Structures are given as C-alpha cells and as structure tokens.
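Asker: If you scroll down you'll find the structure; I have some questions about it.
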Amino acid sequence: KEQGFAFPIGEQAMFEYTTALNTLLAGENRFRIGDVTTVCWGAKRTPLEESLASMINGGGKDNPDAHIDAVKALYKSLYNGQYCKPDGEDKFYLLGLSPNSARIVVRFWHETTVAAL
DNA sequence: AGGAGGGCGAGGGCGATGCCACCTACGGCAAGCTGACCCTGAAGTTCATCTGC
C-alpha cells in the first residue's frame, strides 16, 4: 500500500479524529495516569428518561466532555484520597496514548464504564 | 555357762518470704547526587546501485 493506504481511512474520518485528538490534548480532557498522558471523553450517553429530561431544556445533549469529570476526579482522587466506590452504567472512553520517539503509543483503551475502569 | 542391749512414739506444731517506685531521662535517624545517558519518527527528498535499452 506504501503509506496511508495500509489503513484505508477517509478524509471525513481522518481529519475528524485528528482534530478531535488535537482538541482533547489541549483542554480539560488531558490528564496523566502514571507517566502517560491519557485523553478521556464520554461515550454515547443514554437517551435520558422522561423524569430527568423534562427539567432539562433541549433536552439531554450528548456532550462528549461532560460526564468525564467522574473518571477525572477518580484518577485525581487516587492522588487526593477522596475515592468512593462508583456505580457505572455510564461508559467513558479512555484512550491511553503515550509518546515514544514520535509515534502515538496506545497504552490504555477501555470502553467499559467508570465502575470497571 | 545363759543371759537380755529397748519396749514407743511422738520430730513441727503457726504465720508471715515484701512493704514503695522508679525501668527511664535528651536528641539526633539524614546529609548530597543521581532518577539518565544514545536511538529509533512523519514525510519528502537524494545518492549509487539493479536492470533494461
């Protein structure tokens, strides 16, 4: 394939995911686990039940950098002592990229919720 | 010569053998440095060698 074509990826996906990585590696989603800078973002949230979506105008918008604060605090409560047993049922993506020489080394990737994380 | 050498059963009966209070007092328990040395990358170009013309 000779570079690029080995992973046949379209522009409307390559550009999208590259911009996503560039935006999450420069805001509040960038946090280090153990000597490894890992970006986190919420997965496809639930459609939200009626009793909760009735008070939220919109209603519930599937925001990526929204419910990531739970896992962020957990990885921070490990260093802060404010850890508590969390009830999952809310999947949080965790792409554990790491720098080698100049290639994005993926160290952690778990689609499971914060409970299994 | 023939002797008999103790019969007897008591020998601890009573109770205390520690009274106190200590058994540590001080202050140090790191000081100084390292915790990485090099590479090897994405991506395009560039040179002398592989081959056909």
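Residue names in the structure tokens use chain letters A, B, ... in the order shown, residue numbers from 1 in each chain, and ligand numbers from 1 in the order shown.
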Taking only C-alpha atoms (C1' of nucleotides) into account, find every residue of chain B that has an atom no more than 12 Å from chain A, and write it out as a list in words.
Answerer: residues 39, 40, 41, 42 and 43 of chain B
Asker: What would the file look like if the residues just selected were written as a PDB file, in the first residue's frame with C-alpha atoms (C1' of nucleotides)?
Answerer:
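So the final result, stored in again_7.pdb, reads:
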```
ATOM      1  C1'  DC B  39      18.250   5.668  19.014  1.00  0.00           C
ATOM      2  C1'  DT B  40      14.654   4.769  16.787  1.00  0.00           C
ATOM      3  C1'  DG B  41       9.847   9.131  13.982  1.00  0.00           C
ATOM      4  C1'  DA B  42       6.247  11.608   9.845  1.00  0.00           C
ATOM      5  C1'  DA B  43       7.254  12.640   5.435  1.00  0.00           C
TER       6       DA B  43
END
```
Asker: Can you tell me, as number ranges by chain, what residues are no more than 12 Å from residue A:51 when counting only C-alpha atoms (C1' of nucleotides), ignoring any on the same chain fewer than 5 positions away?
Answerer: A: 56, 59-60
Asker: Include C-alpha atoms and write out the residues we just selected as a PDB file, in the first residue's frame.
Answerer:
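Final file, part_33.pdb:
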```
ATOM      1  CA  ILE A  56     -33.506  19.835  31.097  1.00  0.00           C
ATOM      2  CA  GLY A  59     -33.236  18.056  26.158  1.00  0.00           C
ATOM      3  CA  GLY A  60     -30.203  15.990  27.095  1.00  0.00           C
TER       4      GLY A  60
END
```
Asker: Figure out the distance between atom CA of residue A:65 and atom CA of residue A:8, please, to one decimal in Å.
Answerer: 28.5 Å
Asker: Using only C-alpha atoms (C1' of nucleotides), which protein or nucleic acid residues come within 12 Å of stretch 39-41 of chain A? Drop anything in the same chain fewer than 4 positions from it, and give the result as a PDB file with N, CA and C atoms, in the first residue's frame.
Answerer:
```pdb
ATOM      1  N   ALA A  20     -10.171  15.916  16.631  1.00  0.00           N
ATOM      2  CA  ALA A  20     -10.647  15.517  17.952  1.00  0.00           C
ATOM      3  C   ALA A  20      -9.481  15.294  18.909  1.00  0.00           C
ATOM      4  N   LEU A  21      -8.443  14.594  18.442  1.00  0.00           N
ATOM      5  CA  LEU A  21      -7.258  14.382  19.268  1.00  0.00           C
ATOM      6  C   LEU A  21      -6.561  15.699  19.585  1.00  0.00           C
ATOM      7  N   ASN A  22      -6.497  16.611  18.612  1.00  0.00           N
ATOM      8  CA  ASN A  22      -5.858  17.902  18.852  1.00  0.00           C
ATOM      9  C   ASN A  22      -6.641  18.741  19.853  1.00  0.00           C
ATOM     10  N   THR A  23      -7.971  18.633  19.849  1.00  0.00           N
ATOM     11  CA  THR A  23      -8.781  19.410  20.777  1.00  0.00           C
ATOM     12  C   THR A  23      -8.781  18.814  22.180  1.00  0.00           C
ATOM     13  N   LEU A  24      -8.746  17.486  22.300  1.00  0.00           N
ATOM     14  CA  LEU A  24      -8.762  16.879  23.628  1.00  0.00           C
ATOM     15  C   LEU A  24      -7.385  16.860  24.277  1.00  0.00           C
ATOM     16  N   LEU A  25      -6.317  17.020  23.495  1.00  0.00           N
ATOM     17  CA  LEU A  25      -4.967  17.088  24.034  1.00  0.00           C
ATOM     18  C   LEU A  25      -4.526  18.517  24.331  1.00  0.00           C
ATOM     19  N   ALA A  26      -5.474  19.454  24.432  1.00  0.00           N
ATOM     20  CA  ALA A  26      -5.142  20.839  24.738  1.00  0.00           C
ATOM     21  C   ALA A  26      -6.179  21.504  25.635  1.00  0.00           C
ATOM     22  N   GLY A  27      -7.128  20.751  26.186  1.00  0.00           N
ATOM     23  CA  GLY A  27      -8.144  21.323  27.047  1.00  0.00           C
ATOM     24  C   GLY A  27      -8.176  20.702  28.428  1.00  0.00           C
ATOM     25  N   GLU A  28      -9.374  20.378  28.912  1.00  0.00           N
ATOM     26  CA  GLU A  28      -9.540  19.783  30.231  1.00  0.00           C
ATOM     27  C   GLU A  28      -9.557  18.261  30.203  1.00  0.00           C
ATOM     28  N   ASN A  29      -9.657  17.650  29.021  1.00  0.00           N
ATOM     29  CA  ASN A  29      -9.684  16.196  28.923  1.00  0.00           C
ATOM     30  C   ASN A  29      -8.307  15.569  29.088  1.00  0.00           C
ATOM     31  N   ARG A  30      -7.239  16.346  28.924  1.00  0.00           N
ATOM     32  CA  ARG A  30      -5.884  15.816  29.008  1.00  0.00           C
ATOM     33  C   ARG A  30      -5.471  15.685  30.469  1.00  0.00           C
ATOM     34  N   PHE A  31      -5.247  14.450  30.912  1.00  0.00           N
ATOM     35  CA  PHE A  31      -4.799  14.181  32.271  1.00  0.00           C
ATOM     36  C   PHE A  31      -3.916  12.943  32.255  1.00  0.00           C
ATOM     37  N   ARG A  32      -2.901  12.936  33.115  1.00  0.00           N
ATOM     38  CA  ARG A  32      -1.902  11.876  33.121  1.00  0.00           C
ATOM     39  C   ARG A  32      -2.253  10.816  34.157  1.00  0.00           C
ATOM     40  N   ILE A  33      -2.224   9.552  33.733  1.00  0.00           N
ATOM     41  CA  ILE A  33      -2.438   8.422  34.630  1.00  0.00           C
ATOM     42  C   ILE A  33      -1.162   8.192  35.429  1.00  0.00           C
ATOM     43  N   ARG A  45     -24.142   8.688  25.388  1.00  0.00           N
ATOM     44  CA  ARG A  45     -24.942   8.712  26.601  1.00  0.00           C
ATOM     45  C   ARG A  45     -26.327   8.120  26.347  1.00  0.00           C
ATOM     46  N   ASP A  62     -25.961  15.019  23.976  1.00  0.00           N
ATOM     47  CA  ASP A  62     -24.864  14.064  24.140  1.00  0.00           C
ATOM     48  C   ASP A  62     -23.538  14.810  24.016  1.00  0.00           C
ATOM     49  N   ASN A  63     -23.157  15.475  25.099  1.00  0.00           N
ATOM     50  CA  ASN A  63     -21.906  16.222  25.120  1.00  0.00           C
ATOM     51  C   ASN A  63     -20.746  15.282  25.432  1.00  0.00           C
ATOM     52  N   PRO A  64     -19.652  15.337  24.670  1.00  0.00           N
ATOM     53  CA  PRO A  64     -18.516  14.443  24.943  1.00  0.00           C
ATOM     54  C   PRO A  64     -17.828  14.764  26.260  1.00  0.00           C
ATOM     55  N   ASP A  65     -17.315  15.986  26.387  1.00  0.00           N
ATOM     56  CA  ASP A  65     -16.625  16.416  27.604  1.00  0.00           C
ATOM     57  C   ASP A  65     -17.629  16.943  28.631  1.00  0.00           C
ATOM     58  N   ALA A  66     -18.455  16.023  29.134  1.00  0.00           N
ATOM     59  CA  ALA A  66     -19.480  16.361  30.118  1.00  0.00           C
ATOM     60  C   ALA A  66     -19.355  15.485  31.358  1.00  0.00           C
ATOM     61  N   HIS A  67     -19.672  14.194  31.267  1.00  0.00           N
ATOM     62  CA  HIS A  67     -19.604  13.287  32.404  1.00  0.00           C
ATOM     63  C   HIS A  67     -18.209  12.709  32.615  1.00  0.00           C
ATOM     64  N   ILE A  68     -17.197  13.246  31.929  1.00  0.00           N
ATOM     65  CA  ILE A  68     -15.822  12.811  32.143  1.00  0.00           C
ATOM     66  C   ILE A  68     -15.273  13.255  33.488  1.00  0.00           C
ATOM     67  N   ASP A  69     -15.963  14.180  34.164  1.00  0.00           N
ATOM     68  CA  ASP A  69     -15.482  14.684  35.444  1.00  0.00           C
ATOM     69  C   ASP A  69     -15.437  13.591  36.500  1.00  0.00           C
ATOM     70  N   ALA A  70     -16.319  12.593  36.403  1.00  0.00           N
ATOM     71  CA  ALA A  70     -16.302  11.497  37.366  1.00  0.00           C
ATOM     72  C   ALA A  70     -14.986  10.730  37.302  1.00  0.00           C
ATOM     73  N   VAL A  71     -14.616  10.256  36.108  1.00  0.00           N
ATOM     74  CA  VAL A  71     -13.377   9.498  35.974  1.00  0.00           C
ATOM     75  C   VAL A  71     -12.166  10.402  36.181  1.00  0.00           C
ATOM     76  N   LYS A  72     -12.276  11.687  35.827  1.00  0.00           N
ATOM     77  CA  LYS A  72     -11.176  12.612  36.075  1.00  0.00           C
ATOM     78  C   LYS A  72     -10.924  12.765  37.569  1.00  0.00           C
ATOM     79  N   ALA A  73     -11.990  12.964  38.348  1.00  0.00           N
ATOM     80  CA  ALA A  73     -11.846  13.063  39.794  1.00  0.00           C
ATOM     81  C   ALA A  73     -11.345  11.754  40.388  1.00  0.00           C
ATOM     82  N   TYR A  75      -9.355   9.405  38.966  1.00  0.00           N
ATOM     83  CA  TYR A  75      -7.916   9.386  38.737  1.00  0.00           C
ATOM     84  C   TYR A  75      -7.202  10.482  39.516  1.00  0.00           C
ATOM     85  N   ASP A  90     -22.413   3.978  32.879  1.00  0.00           N
ATOM     86  CA  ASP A  90     -22.144   5.149  32.046  1.00  0.00           C
ATOM     87  C   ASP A  90     -20.762   4.958  31.427  1.00  0.00           C
ATOM     88  N   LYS A  91     -20.731   4.496  30.179  1.00  0.00           N
ATOM     89  CA  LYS A  91     -19.469   4.187  29.522  1.00  0.00           C
ATOM     90  C   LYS A  91     -18.656   5.456  29.291  1.00  0.00           C
ATOM     91  N   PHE A  92     -17.365   5.391  29.613  1.00  0.00           N
ATOM     92  CA  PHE A  92     -16.446   6.506  29.425  1.00  0.00           C
ATOM     93  C   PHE A  92     -15.238   6.011  28.646  1.00  0.00           C
ATOM     94  N   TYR A  93     -15.010   6.595  27.472  1.00  0.00           N
ATOM     95  CA  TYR A  93     -13.853   6.224  26.670  1.00  0.00           C
ATOM     96  C   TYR A  93     -12.573   6.732  27.323  1.00  0.00           C
ATOM     97  N   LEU A  94     -11.499   5.952  27.187  1.00  0.00           N
ATOM     98  CA  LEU A  94     -10.212   6.266  27.815  1.00  0.00           C
ATOM     99  C   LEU A  94      -9.102   5.809  26.871  1.00  0.00           C
ATOM    100  N   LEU A  95      -8.659   6.715  26.003  1.00  0.00           N
ATOM    101  CA  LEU A  95      -7.590   6.427  25.046  1.00  0.00           C
ATOM    102  C   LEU A  95      -6.259   6.788  25.694  1.00  0.00           C
ATOM    103  N   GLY A  96      -5.524   5.772  26.139  1.00  0.00           N
ATOM    104  CA  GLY A  96      -4.258   5.993  26.808  1.00  0.00           C
ATOM    105  C   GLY A  96      -3.079   6.112  25.866  1.00  0.00           C
ATOM    106  N   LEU A  97      -2.962   7.252  25.192  1.00  0.00           N
ATOM    107  CA  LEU A  97      -1.832   7.485  24.307  1.00  0.00           C
ATOM    108  C   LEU A  97      -0.580   7.808  25.116  1.00  0.00           C
ATOM    109  N   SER A  98       0.574   7.483  24.541  1.00  0.00           N
ATOM    110  CA  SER A  98       1.850   7.721  25.199  1.00  0.00           C
ATOM    111  C   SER A  98       2.885   8.077  24.148  1.00  0.00           C
ATOM    112  N   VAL A 106      -0.443   3.681  22.056  1.00  0.00           N
ATOM    113  CA  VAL A 106      -1.677   3.489  22.810  1.00  0.00           C
ATOM    114  C   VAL A 106      -1.396   2.487  23.924  1.00  0.00           C
ATOM    115  N   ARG A 107      -1.578   2.919  25.171  1.00  0.00           N
ATOM    116  CA  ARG A 107      -1.337   2.066  26.327  1.00  0.00           C
ATOM    117  C   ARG A 107      -2.614   1.583  26.998  1.00  0.00           C
ATOM    118  N   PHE A 108      -3.673   2.389  26.995  1.00  0.00           N
ATOM    119  CA  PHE A 108      -4.917   2.042  27.665  1.00  0.00           C
ATOM    120  C   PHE A 108      -6.098   2.348  26.757  1.00  0.00           C
ATOM    121  N   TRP A 109      -7.041   1.410  26.695  1.00  0.00           N
ATOM    122  CA  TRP A 109      -8.267   1.608  25.925  1.00  0.00           C
ATOM    123  C   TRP A 109      -9.335   0.690  26.503  1.00  0.00           C
ATOM    124  N   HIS A 110     -10.323   1.273  27.179  1.00  0.00           N
ATOM    125  CA  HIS A 110     -11.392   0.506  27.807  1.00  0.00           C
ATOM    126  C   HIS A 110     -12.716   1.210  27.557  1.00  0.00           C
ATOM    127  N   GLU A 111     -13.618   0.540  26.839  1.00  0.00           N
ATOM    128  CA  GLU A 111     -14.949   1.074  26.582  1.00  0.00           C
ATOM    129  C   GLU A 111     -15.871   0.960  27.790  1.00  0.00           C
ATOM    130  N   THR A 113     -17.518   1.204  31.653  1.00  0.00           N
ATOM    131  CA  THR A 113     -17.898   2.372  32.438  1.00  0.00           C
ATOM    132  C   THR A 113     -16.814   2.675  33.473  1.00  0.00           C
ATOM    133  N   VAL A 114     -17.092   3.645  34.349  1.00  0.00           N
ATOM    134  CA  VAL A 114     -16.131   4.009  35.381  1.00  0.00           C
ATOM    135  C   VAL A 114     -16.028   2.936  36.457  1.00  0.00           C
ATOM    136  N   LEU A 117     -13.545   0.608  35.117  1.00  0.00           N
ATOM    137  CA  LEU A 117     -12.297   1.346  34.967  1.00  0.00           C
ATOM    138  C   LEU A 117     -11.631   1.597  36.313  1.00  0.00           C
TER     139      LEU A 117
END
```
Asker: Extract the full set of strand (DSSP E or B) residues from chain A according to DSSP on the backbone, and format it as an MDAnalysis selection string.
Answerer: chainID A and resid 30:32 37:42 91:99 104:109 113
Asker: Generate the output file for the selected residues, C-alpha atoms, as an mmCIF file, in the first residue's frame.
Answerer:
```
data_model
loop_
_atom_site.group_PDB
_atom_site.id
_atom_site.type_symbol
_atom_site.label_atom_id
_atom_site.label_comp_id
_atom_site.auth_asym_id
_atom_site.auth_seq_id
_atom_site.Cartn_x
_atom_site.Cartn_y
_atom_site.Cartn_z
ATOM 1 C CA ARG A 30 -5.884 15.816 29.008
ATOM 2 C CA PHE A 31 -4.799 14.181 32.271
ATOM 3 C CA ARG A 32 -1.902 11.876 33.121
ATOM 4 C CA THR A 37 -0.994 11.469 29.098
ATOM 5 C CA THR A 38 -4.452 9.953 28.560
ATOM 6 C CA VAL A 39 -7.424 11.741 26.980
ATOM 7 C CA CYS A 40 -10.912 10.840 28.196
ATOM 8 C CA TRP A 41 -14.356 11.599 26.802
ATOM 9 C CA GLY A 42 -17.858 10.324 27.419
ATOM 10 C CA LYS A 91 -19.469 4.187 29.522
ATOM 11 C CA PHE A 92 -16.446 6.506 29.425
ATOM 12 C CA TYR A 93 -13.853 6.224 26.670
ATOM 13 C CA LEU A 94 -10.212 6.266 27.815
ATOM 14 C CA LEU A 95 -7.590 6.427 25.046
ATOM 15 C CA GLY A 96 -4.258 5.993 26.808
ATOM 16 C CA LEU A 97 -1.832 7.485 24.307
ATOM 17 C CA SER A 98 1.850 7.721 25.199
ATOM 18 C CA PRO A 99 4.854 9.333 23.485
ATOM 19 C CA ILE A 104 1.360 7.737 19.286
ATOM 20 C CA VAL A 105 1.708 4.670 21.520
ATOM 21 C CA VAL A 106 -1.677 3.489 22.810
ATOM 22 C CA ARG A 107 -1.337 2.066 26.327
ATOM 23 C CA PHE A 108 -4.917 2.042 27.665
ATOM 24 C CA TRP A 109 -8.267 1.608 25.925
ATOM 25 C CA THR A 113 -17.898 2.372 32.438
#
```
Asker: What parts of stretch 43-110 of chain A does DSSP call helix (DSSP H, G or I)? I'd like the answer as a list in words.
Answerer: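 Output for stretch 43-110 of chain A, helix (DSSP H, G or I) only: residues 50, 51, 52, 53, 68, 69, 70, 71, 72, 73, 74, 75, 76, 77, 78, 79 and 80 of chain A.
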Asker: Can you measure atom CA of residue A:74 to atom CA of residue A:87 for me? One decimal in Å is fine.
Answerer: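 Atom-to-atom, atom CA of residue A:74 to atom CA of residue A:87, that is 12.3 Å.
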